[PDB]
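Colleague: If it helps, the file is called model21.cif and holds mmCIF, C-alpha atoms and all ligand atoms:
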```
data_coords
loop_
_atom_site.label_atom_id
_atom_site.label_comp_id
_atom_site.auth_asym_id
_atom_site.auth_seq_id
_atom_site.Cartn_x
_atom_site.Cartn_y
_atom_site.Cartn_z
CA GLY A 340 4.32 13.18 -19.88
CA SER A 341 7.06 14.50 -22.17
CA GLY A 342 7.89 18.02 -21.00
CA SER A 343 6.79 17.25 -17.45
CA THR A 344 9.29 14.40 -17.06
CA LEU A 345 12.19 16.76 -17.79
CA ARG A 346 10.87 19.29 -15.25
CA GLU A 347 10.88 16.59 -12.57
CA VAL A 348 14.50 15.70 -13.39
CA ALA A 349 15.32 19.41 -13.21
CA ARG A 350 13.98 19.68 -9.66
CA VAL A 351 16.04 16.72 -8.46
CA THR A 352 19.26 17.91 -10.14
CA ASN A 353 18.60 21.61 -9.34
CA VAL A 354 19.01 22.87 -12.91
CA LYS A 355 16.59 24.85 -15.04
CA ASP A 356 13.95 23.17 -17.19
CA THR A 357 15.71 24.17 -20.42
CA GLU A 358 18.95 22.54 -19.19
CA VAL A 359 17.62 18.95 -19.15
CA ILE A 360 17.48 16.95 -22.39
CA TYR A 361 16.34 13.44 -23.24
CA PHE A 362 18.92 11.14 -24.73
CA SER A 363 18.31 10.37 -28.39
CA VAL A 364 20.68 9.53 -31.23
CA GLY A 365 21.64 12.73 -33.03
CA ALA A 366 20.61 15.06 -30.19
CA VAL A 367 22.89 18.05 -29.63
CA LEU A 368 24.45 17.69 -26.18
CA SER A 369 26.28 21.03 -25.98
CA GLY A 370 24.45 23.70 -24.01
CA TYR A 371 22.81 21.21 -21.63
CA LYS A 372 23.71 20.14 -18.10
CA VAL A 373 21.63 17.00 -17.41
CA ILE A 374 20.73 14.13 -19.75
CA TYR A 375 17.89 11.68 -19.07
CA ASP A 376 17.95 8.05 -20.23
CA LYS A 377 14.36 7.05 -21.00
CA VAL A 378 15.19 3.33 -20.99
CA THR A 379 16.97 3.05 -17.63
CA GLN A 380 15.09 6.09 -16.24
CA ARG A 381 18.31 7.56 -14.83
CA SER A 382 19.68 11.09 -15.09
CA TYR A 383 23.29 12.25 -15.25
CA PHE A 384 25.14 15.53 -15.36
CA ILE A 385 27.13 15.81 -18.58
CA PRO A 386 30.41 17.65 -19.22
CA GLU A 387 30.52 20.78 -21.33
CA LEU A 388 31.06 19.23 -24.77
CA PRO A 389 32.28 21.07 -27.89
CA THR A 390 29.50 23.01 -29.59
CA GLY A 391 27.48 20.88 -31.99
CA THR A 392 28.46 17.54 -30.44
CA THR A 393 25.66 15.04 -31.05
CA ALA A 394 24.71 11.94 -29.08
CA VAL A 395 25.56 8.51 -30.51
CA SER A 396 24.81 5.93 -27.81
CA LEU A 397 24.17 5.69 -24.06
CA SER A 398 24.85 2.25 -22.60
CA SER A 399 23.28 0.66 -19.53
CA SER A 400 26.75 1.10 -18.00
CA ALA A 401 26.14 4.88 -18.29
CA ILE A 402 28.85 5.32 -20.94
CA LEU A 403 27.79 8.15 -23.26
CA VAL A 404 29.25 7.95 -26.78
CA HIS A 405 29.01 11.12 -28.87
CA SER A 406 30.48 12.69 -32.00
CA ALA A 407 33.56 13.92 -30.08
CA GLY A 408 34.35 10.68 -28.25
CA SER A 409 32.79 9.36 -25.05
CA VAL A 410 32.46 9.94 -21.30
CA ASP A 411 31.58 7.55 -18.47
CA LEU A 412 28.63 9.42 -16.96
CA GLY A 413 28.51 7.04 -13.99
CA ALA A 414 32.16 7.76 -13.23
CA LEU A 415 31.49 11.50 -13.60
CA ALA A 416 28.58 11.13 -11.18
CA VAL A 417 30.97 9.52 -8.68
CA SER A 418 33.30 12.53 -8.81
CA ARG A 419 30.21 14.68 -8.16
CA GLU A 420 29.08 12.38 -5.31
CA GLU A 421 25.80 11.78 -7.15
CA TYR A 422 24.78 8.20 -6.38
CA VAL A 423 21.90 5.79 -6.86
CA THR A 424 21.23 3.38 -3.99
CA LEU A 425 19.88 0.13 -5.39
CA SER A 426 17.11 -1.77 -3.65
CA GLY A 427 18.15 -4.73 -1.59
CA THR A 428 21.52 -5.47 -0.02
CA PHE A 429 24.54 -7.72 -0.34
CA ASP A 430 22.37 -10.25 1.50
CA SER A 431 19.59 -10.14 -1.11
CA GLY A 432 21.94 -9.92 -4.09
CA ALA A 433 21.80 -7.36 -6.88
CA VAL A 434 23.24 -6.42 -10.27
CA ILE A 435 25.47 -3.35 -10.51
CA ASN A 436 25.35 -1.74 -13.95
CA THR A 437 26.91 1.71 -13.42
CA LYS A 438 29.76 3.18 -11.40
CA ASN A 439 27.47 5.48 -9.37
CA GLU A 440 25.21 2.67 -8.13
CA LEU A 441 25.51 1.78 -4.44
CA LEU A 442 24.77 -1.51 -2.69
CA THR A 443 24.09 -1.42 1.04
CA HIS A 444 25.98 -3.93 3.17
CA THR A 445 25.82 -3.51 6.97
CA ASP A 446 27.30 -0.24 8.30
CA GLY A 447 27.69 1.48 4.93
CA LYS A 448 27.36 1.41 1.16
CA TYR A 449 29.75 0.28 -1.56
CA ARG A 450 30.27 1.00 -5.24
CA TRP A 451 31.91 -1.37 -7.71
CA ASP A 452 35.19 -0.19 -9.26
CA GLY A 453 35.77 -3.25 -11.47
CA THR A 454 34.27 -4.81 -14.58
CA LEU A 455 30.60 -4.03 -15.27
CA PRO A 456 28.01 -5.35 -15.03
CA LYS A 457 28.66 -6.85 -11.58
CA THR A 458 26.41 -9.70 -10.43
CA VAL A 459 26.15 -10.05 -6.65
CA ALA A 460 24.68 -13.35 -5.51
CA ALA A 461 22.38 -13.66 -2.52
CA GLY A 462 24.21 -14.08 0.77
CA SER A 463 27.26 -12.13 -0.41
CA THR A 464 29.63 -9.74 1.35
CA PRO A 465 32.20 -7.37 -0.18
CA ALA A 466 34.98 -9.73 0.93
CA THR A 467 33.47 -12.77 -0.82
CA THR A 468 32.72 -10.92 -4.09
CA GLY A 469 36.05 -9.29 -4.92
CA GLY A 470 37.31 -7.62 -1.75
CA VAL A 471 37.61 -3.94 -0.90
CA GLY A 472 39.96 -1.70 -2.84
CA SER A 473 40.79 -0.23 -6.21
CA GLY A 474 39.24 -2.30 -8.97
CA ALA A 475 36.86 -3.88 -6.45
CA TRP A 476 34.45 -2.56 -3.81
CA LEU A 477 34.88 0.99 -2.49
CA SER A 478 32.97 2.35 0.50
CA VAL A 479 30.77 5.42 0.05
CA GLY B 340 -2.17 13.76 -10.39
CA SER B 341 -2.37 9.98 -9.96
CA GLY B 342 0.06 8.46 -12.47
CA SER B 343 2.24 11.57 -12.46
CA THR B 344 2.76 11.46 -8.68
CA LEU B 345 4.36 8.01 -8.89
CA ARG B 346 6.67 9.26 -11.64
CA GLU B 347 7.81 12.14 -9.43
CA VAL B 348 8.58 9.75 -6.56
CA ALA B 349 10.44 7.49 -8.99
CA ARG B 350 12.78 10.34 -9.93
CA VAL B 351 13.66 11.10 -6.30
CA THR B 352 14.17 7.43 -5.40
CA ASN B 353 15.86 6.55 -8.73
CA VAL B 354 13.56 3.64 -9.56
CA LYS B 355 11.41 3.06 -12.62
CA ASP B 356 7.87 4.44 -12.81
CA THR B 357 6.43 0.90 -12.70
CA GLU B 358 8.28 0.17 -9.43
CA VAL B 359 6.43 2.77 -7.32
CA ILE B 360 3.01 1.93 -5.88
CA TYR B 361 0.55 3.82 -3.71
CA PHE B 362 -0.23 2.25 -0.38
CA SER B 363 -3.72 0.79 -0.24
CA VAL B 364 -5.31 -2.06 1.68
CA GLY B 365 -4.97 -5.26 -0.33
CA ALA B 366 -2.42 -3.84 -2.78
CA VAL B 367 0.08 -6.43 -4.01
CA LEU B 368 3.53 -5.36 -2.82
CA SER B 369 5.64 -7.98 -4.61
CA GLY B 370 7.45 -6.73 -7.69
CA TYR B 371 7.62 -3.15 -6.39
CA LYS B 372 10.47 -1.23 -4.79
CA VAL B 373 8.99 2.00 -3.38
CA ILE B 374 5.67 2.57 -1.60
CA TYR B 375 4.06 6.01 -1.36
CA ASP B 376 1.80 7.07 1.53
CA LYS B 377 -0.91 9.39 0.21
CA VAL B 378 -1.82 10.59 3.71
CA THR B 379 1.63 11.51 5.03
CA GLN B 380 2.99 12.18 1.50
CA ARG B 381 6.13 10.17 2.25
CA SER B 382 7.85 7.43 0.26
CA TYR B 383 9.78 4.41 1.48
CA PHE B 384 11.72 1.60 -0.11
CA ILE B 385 10.22 -1.76 0.80
CA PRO B 386 11.92 -5.16 1.06
CA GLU B 387 11.49 -7.83 -1.58
CA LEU B 388 8.37 -9.68 -0.46
CA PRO B 389 7.12 -13.10 -1.63
CA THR B 390 4.98 -13.12 -4.76
CA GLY B 391 1.38 -12.20 -3.98
CA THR B 392 2.06 -10.48 -0.65
CA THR B 393 -0.58 -7.81 -0.03
CA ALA B 394 -0.53 -4.67 2.10
CA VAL B 395 -2.54 -4.55 5.32
CA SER B 396 -1.75 -1.27 7.11
CA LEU B 397 0.81 1.53 7.12
CA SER B 398 1.07 3.73 10.20
CA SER B 399 2.20 7.33 10.59
CA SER B 400 5.38 5.93 12.18
CA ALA B 401 6.11 4.08 8.90
CA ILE B 402 5.21 0.64 10.26
CA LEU B 403 4.05 -1.53 7.37
CA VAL B 404 1.96 -4.63 8.07
CA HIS B 405 1.45 -7.05 5.18
CA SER B 406 0.13 -10.57 4.66
CA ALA B 407 3.57 -12.13 5.31
CA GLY B 408 4.74 -10.09 8.30
CA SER B 409 5.70 -6.51 9.14
CA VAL B 410 8.61 -4.10 8.77
CA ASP B 411 9.67 -0.70 10.12
CA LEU B 412 10.05 1.19 6.85
CA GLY B 413 11.55 4.14 8.72
CA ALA B 414 14.29 1.93 10.17
CA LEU B 415 14.92 0.39 6.74
CA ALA B 416 15.29 3.93 5.39
CA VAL B 417 17.86 4.70 8.10
CA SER B 418 19.90 1.66 7.05
CA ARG B 419 19.76 3.04 3.49
CA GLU B 420 20.65 6.59 4.62
CA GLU B 421 17.35 7.90 3.22
CA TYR B 422 16.31 10.73 5.54
CA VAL B 423 13.71 13.48 5.77
CA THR B 424 14.89 16.79 7.24
CA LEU B 425 11.96 18.36 9.07
CA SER B 426 11.34 22.08 8.96
CA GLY B 427 12.55 24.18 11.86
CA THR B 428 15.19 23.31 14.44
CA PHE B 429 15.46 22.10 18.02
CA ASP B 430 14.99 25.72 19.09
CA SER B 431 11.69 26.05 17.20
CA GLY B 432 10.42 22.62 18.24
CA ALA B 433 9.01 19.81 16.09
CA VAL B 434 7.37 16.38 16.22
CA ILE B 435 9.31 13.27 15.20
CA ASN B 436 7.07 10.54 13.77
CA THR B 437 9.48 8.17 11.97
CA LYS B 438 12.99 6.86 12.54
CA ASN B 439 14.28 8.48 9.33
CA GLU B 440 13.25 12.06 10.19
CA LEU B 441 16.02 14.51 11.10
CA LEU B 442 15.88 17.59 13.31
CA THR B 443 18.50 20.29 12.76
CA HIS B 444 20.60 21.74 15.58
CA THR B 445 23.32 24.39 15.50
CA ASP B 446 26.06 21.74 15.21
CA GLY B 447 24.27 19.28 12.92
CA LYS B 448 21.34 16.94 12.48
CA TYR B 449 19.95 14.20 14.70
CA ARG B 450 17.48 11.32 14.45
CA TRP B 451 15.43 9.91 17.32
CA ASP B 452 16.35 6.37 18.40
CA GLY B 453 13.67 5.99 21.09
CA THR B 454 9.90 5.80 21.43
CA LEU B 455 7.79 7.40 18.69
CA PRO B 456 6.17 9.82 18.28
CA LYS B 457 8.61 12.30 19.85
CA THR B 458 7.48 15.85 20.63
CA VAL B 459 10.16 18.55 20.83
CA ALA B 460 9.15 21.76 22.58
CA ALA B 461 10.33 25.21 21.58
CA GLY B 462 13.71 26.26 22.92
CA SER B 463 14.90 22.66 23.18
CA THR B 464 18.32 21.10 22.64
CA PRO B 465 19.35 17.44 22.29
CA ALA B 466 20.70 17.55 25.84
CA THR B 467 17.37 18.70 27.32
CA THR B 468 15.10 16.36 25.32
CA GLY B 469 16.80 13.04 26.07
CA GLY B 470 20.52 13.48 25.50
CA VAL B 471 22.67 11.94 22.78
CA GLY B 472 23.10 8.18 22.59
CA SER B 473 21.42 4.87 21.88
CA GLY B 474 17.69 5.11 22.46
CA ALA B 475 17.87 8.91 22.36
CA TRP B 476 19.28 11.36 19.81
CA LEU B 477 21.79 10.02 17.28
CA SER B 478 23.79 12.34 15.04
CA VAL B 479 23.45 12.03 11.26
CL CL A 501 30.37 -2.27 5.89
K K A 502 10.03 15.30 -8.93
#
```
For the structure just supplied, provide its representation as structure tokens.
Ligand SMILES: [Cl-]
Ligand SMILES: [K+]
Modeller:
Amino acid sequence: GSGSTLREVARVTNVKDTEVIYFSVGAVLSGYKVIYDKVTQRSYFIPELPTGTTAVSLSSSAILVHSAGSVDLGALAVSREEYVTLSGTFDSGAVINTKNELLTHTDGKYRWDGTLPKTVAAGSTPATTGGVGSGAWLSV
Amino acid sequence: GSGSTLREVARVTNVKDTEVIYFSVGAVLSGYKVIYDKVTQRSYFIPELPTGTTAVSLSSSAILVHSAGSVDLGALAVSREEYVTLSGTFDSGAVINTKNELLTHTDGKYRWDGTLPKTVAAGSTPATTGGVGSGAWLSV
């Protein structure tokens, strides 16, 4: 439903029901902890924004633009160790859209630190798709 | 409910609502990412199966048989670091049914790498129920 979807996000993020808010242009973001993107069906913690700040846009790269600037919500999720593990592997291929998305390789997972979105072809490894390091793949 | 249960699994697994499917005999598994077992009330990511592949059986040890083969969904969950922490501890005893279930000890958690199911009696430790190592308890 409508109010029930936010309560389910609240249980996963461990905040109160009143602290989750859908993204929508013009919505006041101050006073809330978690925002939910209805299109991508992903949730993110948001920083404490100045009172009255309203939402402008939320990209598929998890960049939230608002009336006081912007914030990379995927990058903020990384600092909070809040990750999404995509289906598939480096073997199957995948598309990385955000900074807090993980792709499983063999012994561990990796996030992409470079340009987004990141297309990973089938039969790939981290070494053959950019290498491991700053601006490339980082283990998680 | 019925459609609401899949939405609640989708939030925990970070997939879209339309990418979760109940397990049922004959259900088409292609195009979906997460399967939900109504009996055990557990969810598992599934591999990308060929178009038209249908489900056959799903055991309490998370063994999925389908029209194109079979897969240990519990082992796939381990490779994706998707675990279930059972209630109780080694001291209280428990029953391990899947490869992605964890039992808590005083120093940390462990998964069972051997034959399933695995019964743990009260007052047990990893050392007295098989030891620690390949084919026995593995720390997680
Ligand atoms: Cl690796
Ligand atoms: K939920």
Colleague: Kindly provide, as an MDAnalysis selection string, the residues of chain B having any atom no farther than 7 Å from an atom of chain A, counting all atoms listed in the file.
Modeller: chainID B and resid 347 350:351 353 355 372 386 419
Colleague: May I have chain B as a PDB file with C-alpha atoms, in the coordinates of the input, after a least-squares superposition on chain A that uses all C-alpha atoms paired in order?
Modeller:
```pdb
ATOM      1  CA  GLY B 340       4.626  12.958 -19.509  1.00  0.00           C
ATOM      2  CA  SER B 341       7.232  14.320 -21.930  1.00  0.00           C
ATOM      3  CA  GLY B 342       7.900  17.929 -20.907  1.00  0.00           C
ATOM      4  CA  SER B 343       6.939  17.235 -17.299  1.00  0.00           C
ATOM      5  CA  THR B 344       9.495  14.425 -16.929  1.00  0.00           C
ATOM      6  CA  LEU B 345      12.374  16.791 -17.714  1.00  0.00           C
ATOM      7  CA  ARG B 346      11.048  19.246 -15.130  1.00  0.00           C
ATOM      8  CA  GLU B 347      11.037  16.514 -12.481  1.00  0.00           C
ATOM      9  CA  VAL B 348      14.652  15.601 -13.280  1.00  0.00           C
ATOM     10  CA  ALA B 349      15.572  19.290 -13.156  1.00  0.00           C
ATOM     11  CA  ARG B 350      14.294  19.542  -9.580  1.00  0.00           C
ATOM     12  CA  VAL B 351      16.371  16.571  -8.402  1.00  0.00           C
ATOM     13  CA  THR B 352      19.526  17.756 -10.186  1.00  0.00           C
ATOM     14  CA  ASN B 353      18.938  21.460  -9.376  1.00  0.00           C
ATOM     15  CA  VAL B 354      19.228  22.679 -12.965  1.00  0.00           C
ATOM     16  CA  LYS B 355      16.761  24.651 -15.050  1.00  0.00           C
ATOM     17  CA  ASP B 356      14.054  22.889 -17.060  1.00  0.00           C
ATOM     18  CA  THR B 357      15.721  23.953 -20.333  1.00  0.00           C
ATOM     19  CA  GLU B 358      19.016  22.321 -19.271  1.00  0.00           C
ATOM     20  CA  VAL B 359      17.691  18.734 -19.185  1.00  0.00           C
ATOM     21  CA  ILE B 360      17.444  16.746 -22.420  1.00  0.00           C
ATOM     22  CA  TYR B 361      16.321  13.226 -23.247  1.00  0.00           C
ATOM     23  CA  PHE B 362      18.933  11.002 -24.794  1.00  0.00           C
ATOM     24  CA  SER B 363      18.285  10.329 -28.463  1.00  0.00           C
ATOM     25  CA  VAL B 364      20.502   9.555 -31.433  1.00  0.00           C
ATOM     26  CA  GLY B 365      21.550  12.805 -33.087  1.00  0.00           C
ATOM     27  CA  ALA B 366      20.406  15.023 -30.207  1.00  0.00           C
ATOM     28  CA  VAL B 367      22.557  18.129 -29.762  1.00  0.00           C
ATOM     29  CA  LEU B 368      24.225  17.898 -26.352  1.00  0.00           C
ATOM     30  CA  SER B 369      25.877  21.330 -26.240  1.00  0.00           C
ATOM     31  CA  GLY B 370      24.116  23.872 -24.058  1.00  0.00           C
ATOM     32  CA  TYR B 371      22.647  21.198 -21.771  1.00  0.00           C
ATOM     33  CA  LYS B 372      23.719  20.022 -18.331  1.00  0.00           C
ATOM     34  CA  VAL B 373      21.749  16.834 -17.575  1.00  0.00           C
ATOM     35  CA  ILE B 374      20.838  13.944 -19.884  1.00  0.00           C
ATOM     36  CA  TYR B 375      17.978  11.554 -19.112  1.00  0.00           C
ATOM     37  CA  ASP B 376      17.915   7.916 -20.273  1.00  0.00           C
ATOM     38  CA  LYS B 377      14.330   6.919 -21.061  1.00  0.00           C
ATOM     39  CA  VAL B 378      15.185   3.206 -21.053  1.00  0.00           C
ATOM     40  CA  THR B 379      17.027   2.941 -17.732  1.00  0.00           C
ATOM     41  CA  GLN B 380      15.159   5.958 -16.260  1.00  0.00           C
ATOM     42  CA  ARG B 381      18.412   7.423 -14.945  1.00  0.00           C
ATOM     43  CA  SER B 382      19.837  10.933 -15.218  1.00  0.00           C
ATOM     44  CA  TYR B 383      23.441  12.062 -15.474  1.00  0.00           C
ATOM     45  CA  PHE B 384      25.253  15.361 -15.611  1.00  0.00           C
ATOM     46  CA  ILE B 385      27.247  15.674 -18.819  1.00  0.00           C
ATOM     47  CA  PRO B 386      30.420  17.674 -19.492  1.00  0.00           C
ATOM     48  CA  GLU B 387      30.382  20.907 -21.448  1.00  0.00           C
ATOM     49  CA  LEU B 388      30.744  19.760 -25.049  1.00  0.00           C
ATOM     50  CA  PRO B 389      31.667  21.868 -28.104  1.00  0.00           C
ATOM     51  CA  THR B 390      28.801  23.637 -29.846  1.00  0.00           C
ATOM     52  CA  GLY B 391      26.937  21.288 -32.175  1.00  0.00           C
ATOM     53  CA  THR B 392      28.119  18.035 -30.583  1.00  0.00           C
ATOM     54  CA  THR B 393      25.488  15.334 -31.096  1.00  0.00           C
ATOM     55  CA  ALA B 394      24.737  12.155 -29.165  1.00  0.00           C
ATOM     56  CA  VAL B 395      25.598   8.783 -30.686  1.00  0.00           C
ATOM     57  CA  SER B 396      24.912   6.077 -28.080  1.00  0.00           C
ATOM     58  CA  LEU B 397      24.334   5.665 -24.353  1.00  0.00           C
ATOM     59  CA  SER B 398      24.855   2.237 -22.812  1.00  0.00           C
ATOM     60  CA  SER B 399      23.296   0.631 -19.749  1.00  0.00           C
ATOM     61  CA  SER B 400      26.671   1.145 -18.032  1.00  0.00           C
ATOM     62  CA  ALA B 401      26.280   4.922 -18.572  1.00  0.00           C
ATOM     63  CA  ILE B 402      28.880   5.124 -21.345  1.00  0.00           C
ATOM     64  CA  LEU B 403      28.020   8.063 -23.589  1.00  0.00           C
ATOM     65  CA  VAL B 404      29.438   8.212 -27.115  1.00  0.00           C
ATOM     66  CA  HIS B 405      29.052  11.500 -28.988  1.00  0.00           C
ATOM     67  CA  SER B 406      30.390  13.106 -32.155  1.00  0.00           C
ATOM     68  CA  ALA B 407      33.437  14.546 -30.330  1.00  0.00           C
ATOM     69  CA  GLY B 408      34.446  11.592 -28.156  1.00  0.00           C
ATOM     70  CA  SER B 409      33.085   9.571 -25.240  1.00  0.00           C
ATOM     71  CA  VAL B 410      32.703   9.774 -21.468  1.00  0.00           C
ATOM     72  CA  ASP B 411      31.808   7.463 -18.576  1.00  0.00           C
ATOM     73  CA  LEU B 412      28.832   9.345 -17.157  1.00  0.00           C
ATOM     74  CA  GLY B 413      28.748   6.983 -14.180  1.00  0.00           C
ATOM     75  CA  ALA B 414      32.353   7.835 -13.301  1.00  0.00           C
ATOM     76  CA  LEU B 415      31.625  11.551 -13.736  1.00  0.00           C
ATOM     77  CA  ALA B 416      28.711  11.104 -11.328  1.00  0.00           C
ATOM     78  CA  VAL B 417      31.049   9.475  -8.794  1.00  0.00           C
ATOM     79  CA  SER B 418      33.378  12.483  -8.986  1.00  0.00           C
ATOM     80  CA  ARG B 419      30.311  14.654  -8.290  1.00  0.00           C
ATOM     81  CA  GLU B 420      29.107  12.388  -5.446  1.00  0.00           C
ATOM     82  CA  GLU B 421      25.846  11.720  -7.312  1.00  0.00           C
ATOM     83  CA  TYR B 422      24.885   8.144  -6.439  1.00  0.00           C
ATOM     84  CA  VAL B 423      21.991   5.734  -6.873  1.00  0.00           C
ATOM     85  CA  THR B 424      21.283   3.411  -3.939  1.00  0.00           C
ATOM     86  CA  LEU B 425      19.941   0.148  -5.336  1.00  0.00           C
ATOM     87  CA  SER B 426      17.168  -1.737  -3.606  1.00  0.00           C
ATOM     88  CA  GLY B 427      18.104  -4.632  -1.364  1.00  0.00           C
ATOM     89  CA  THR B 428      21.461  -5.360   0.243  1.00  0.00           C
ATOM     90  CA  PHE B 429      24.492  -7.580  -0.247  1.00  0.00           C
ATOM     91  CA  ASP B 430      22.554 -10.316   1.550  1.00  0.00           C
ATOM     92  CA  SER B 431      19.637 -10.127  -0.906  1.00  0.00           C
ATOM     93  CA  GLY B 432      21.864  -9.804  -3.971  1.00  0.00           C
ATOM     94  CA  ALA B 433      21.736  -7.250  -6.794  1.00  0.00           C
ATOM     95  CA  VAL B 434      23.246  -6.325 -10.160  1.00  0.00           C
ATOM     96  CA  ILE B 435      25.590  -3.344 -10.474  1.00  0.00           C
ATOM     97  CA  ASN B 436      25.436  -1.705 -13.910  1.00  0.00           C
ATOM     98  CA  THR B 437      27.065   1.724 -13.408  1.00  0.00           C
ATOM     99  CA  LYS B 438      29.937   3.136 -11.378  1.00  0.00           C
ATOM    100  CA  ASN B 439      27.609   5.423  -9.392  1.00  0.00           C
ATOM    101  CA  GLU B 440      25.303   2.674  -8.069  1.00  0.00           C
ATOM    102  CA  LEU B 441      25.585   1.776  -4.379  1.00  0.00           C
ATOM    103  CA  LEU B 442      24.830  -1.507  -2.635  1.00  0.00           C
ATOM    104  CA  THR B 443      24.014  -1.399   1.077  1.00  0.00           C
ATOM    105  CA  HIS B 444      25.751  -3.605   3.642  1.00  0.00           C
ATOM    106  CA  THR B 445      25.294  -3.817   7.407  1.00  0.00           C
ATOM    107  CA  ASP B 446      28.155  -1.356   8.013  1.00  0.00           C
ATOM    108  CA  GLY B 447      27.534   1.010   5.095  1.00  0.00           C
ATOM    109  CA  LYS B 448      27.382   1.420   1.345  1.00  0.00           C
ATOM    110  CA  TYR B 449      29.802   0.424  -1.398  1.00  0.00           C
ATOM    111  CA  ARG B 450      30.334   1.100  -5.102  1.00  0.00           C
ATOM    112  CA  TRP B 451      31.959  -1.283  -7.573  1.00  0.00           C
ATOM    113  CA  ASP B 452      35.333  -0.158  -8.950  1.00  0.00           C
ATOM    114  CA  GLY B 453      35.883  -3.106 -11.310  1.00  0.00           C
ATOM    115  CA  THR B 454      34.396  -4.638 -14.441  1.00  0.00           C
ATOM    116  CA  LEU B 455      30.726  -3.936 -15.188  1.00  0.00           C
ATOM    117  CA  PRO B 456      28.138  -5.325 -15.038  1.00  0.00           C
ATOM    118  CA  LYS B 457      28.631  -6.887 -11.591  1.00  0.00           C
ATOM    119  CA  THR B 458      26.250  -9.592 -10.367  1.00  0.00           C
ATOM    120  CA  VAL B 459      25.907 -10.068  -6.602  1.00  0.00           C
ATOM    121  CA  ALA B 460      24.377 -13.352  -5.480  1.00  0.00           C
ATOM    122  CA  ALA B 461      22.118 -13.749  -2.475  1.00  0.00           C
ATOM    123  CA  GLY B 462      23.854 -14.117   0.868  1.00  0.00           C
ATOM    124  CA  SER B 463      26.911 -12.205  -0.333  1.00  0.00           C
ATOM    125  CA  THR B 464      29.245  -9.812   1.469  1.00  0.00           C
ATOM    126  CA  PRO B 465      31.904  -7.437   0.101  1.00  0.00           C
ATOM    127  CA  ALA B 466      34.580  -9.869   1.267  1.00  0.00           C
ATOM    128  CA  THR B 467      33.111 -12.795  -0.704  1.00  0.00           C
ATOM    129  CA  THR B 468      32.354 -10.891  -3.933  1.00  0.00           C
ATOM    130  CA  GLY B 469      35.764  -9.324  -4.556  1.00  0.00           C
ATOM    131  CA  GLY B 470      36.929  -7.742  -1.316  1.00  0.00           C
ATOM    132  CA  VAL B 471      37.351  -4.055  -0.530  1.00  0.00           C
ATOM    133  CA  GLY B 472      39.881  -1.976  -2.438  1.00  0.00           C
ATOM    134  CA  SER B 473      40.798  -0.445  -5.769  1.00  0.00           C
ATOM    135  CA  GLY B 474      39.194  -2.359  -8.609  1.00  0.00           C
ATOM    136  CA  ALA B 475      36.760  -4.004  -6.191  1.00  0.00           C
ATOM    137  CA  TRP B 476      34.342  -2.598  -3.608  1.00  0.00           C
ATOM    138  CA  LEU B 477      34.920   0.970  -2.413  1.00  0.00           C
ATOM    139  CA  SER B 478      33.053   2.399   0.566  1.00  0.00           C
ATOM    140  CA  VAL B 479      30.855   5.471   0.088  1.00  0.00           C
TER     141      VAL B 479
END
```
Colleague: Mind listing as a PyMOL selection string all residues within 12 Å of (15.5, 10.6, 24.6), counting all atoms listed in the file?
Modeller: chain B and resi 435+449-459+464-477
Colleague: Mind checking which residues fall within 9 Å of residue 397 in chain A, counting all atoms listed in the file, ignoring those fewer than 5 positions away in the same chain, and posting them as a list in words?
Modeller: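 The residues that qualify are residues 362, 363, 364, 376, 402, 403, 404 and 405 of chain A.
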Colleague: Would you compute the distance between CA of residue 416 in chain A and CA of residue 370 in chain B? Give it in Å to one decimal.
Modeller: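 Distance between the two atoms: 27.9 Å.
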Colleague: Could you tell me which of A:429, A:367, A:342, A:434 comes closest to ligand CL 501 (chain A) if we count only C-alpha atoms and all ligand atoms?
Modeller: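 Under the stated criterion, the closest residue is A:429.
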Colleague: Have a look at CA of residue 385 in chain B and CA of residue 462 in chain A and let me know their distance in Å, one decimal.
Modeller: 18.6 Å
Colleague: Quick check, in Å to one decimal: how far apart do CA of residue 412 in chain B and CA of residue 440 in chain A lie?
Modeller: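 Value for the CA of residue 412 in chain B-CA of residue 440 in chain A distance: 21.4 Å.
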Colleague: Skipping near chain neighbours, those fewer than 4 positions away, what residues fall within 7 Å of residue 437 in chain B using all atoms listed in the file, listed as a VMD selection string?
Modeller: chain B and resid 400 to 401 413 455
Colleague: Out of B:479, B:409, B:418, B:369, which residue has the shortest atom-to-atom distance to ligand CL 501 (chain A) when counting only C-alpha atoms and all ligand atoms?
Modeller: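 Nearest to ligand CL 501 (chain A): B:418.
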Colleague: Taking into account only C-alpha atoms, which residue in the set A:391, A:383, A:432, A:439 is nearest to residue 414 in chain A?
Modeller: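 The shortest atom-to-atom distance to residue 414 in chain A comes from A:439.
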